[PDB]
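Letter by letter, the chains look like this.
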Amino acid sequence: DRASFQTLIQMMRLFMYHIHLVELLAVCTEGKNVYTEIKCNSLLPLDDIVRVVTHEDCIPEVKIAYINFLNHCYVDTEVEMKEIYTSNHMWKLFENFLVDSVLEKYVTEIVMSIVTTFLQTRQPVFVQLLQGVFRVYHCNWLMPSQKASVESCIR
């Protein structure tokens, strides 16, 4: 809230685990109704916008994706919106459907999180092409992945 950095040394290479737990809690269930409204209230505290804005509280090892659960407030979407889904819809919305953890996250969140398509508007498509290009992983974005990235760029 005001003291968002209880971690050091990339969360012990501990703090990272706590951050991960918060992210997991956010993933839990989210956004829409009465229970969804309670989740939305938690989301309001998070300010999806605040979360997008911040990461200087600590330095984790593989804990950079403790806020990737921003694709569960699309059910009873009007209710989710009523709770507040637009409070982080500038950074967190731009990261969900951005290309067409974060490389694989755009293809499912573009097909799961109800957002718009994301010239001077084409960076997501360029990012998708780069994702398709990588070969250091265990076949992460093959030809199909590249095609998906191209589709995202076209969107």
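- The record lists cryo-EM as the method behind this PDB entry and 4.1 Å as its resolution.

- By the naming in the PDB entry, the protein chain goes by Inositol 1,4,5-trisphosphate receptor type 1 and is assigned to Rattus norvegicus.

A few points about the environment of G132
Logical step 1: With respect to the helices, strands and loops of the structure, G132 is situated in helix α8 (residues 123-133).
Logical step 2: Spatially, the C-alpha atoms of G132 and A148 are 8.3 Å apart, while their sequence positions differ by 16 residues.
Logical step 3: Aside from chain neighbours lying at most four places away, what touches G132 is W141, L142 and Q146.

A few points about unusual backbone geometry
Logical step 1: You will see that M12, though not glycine, has its phi angle at about 85°, which is positive.
Logical step 2: Mapped onto the elements, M12 comes out in helix α1 (residues 9-12).

A short note on the environment of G31
Logical step 1: Of note, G31 is situated in the loop between α2 (15-27) and α3 (35-46).
Logical step 2: A sequence separation of 52 residues divides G31 from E83, and the C-alpha atoms of the two residues are 6.7 Å apart.
Logical step 3: The residues touching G31, leaving out its near neighbours within four places in the chain, are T36, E37, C40, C73, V79 and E80.

Cut-off values and rules
Residues numbered from 1 in each chain as written, not as in the entry; some residues may be left out. Part of a larger assembly, values for the part shown. Heavy atoms only, no water. Residues with missing side-chain atoms left out of burial classes, pairs and counts. Helix = DSSP H or I, 4+ residues; strand = E, 2+ residues; numbered from the N terminus. Contact = heavy atoms within 4.5 Å.

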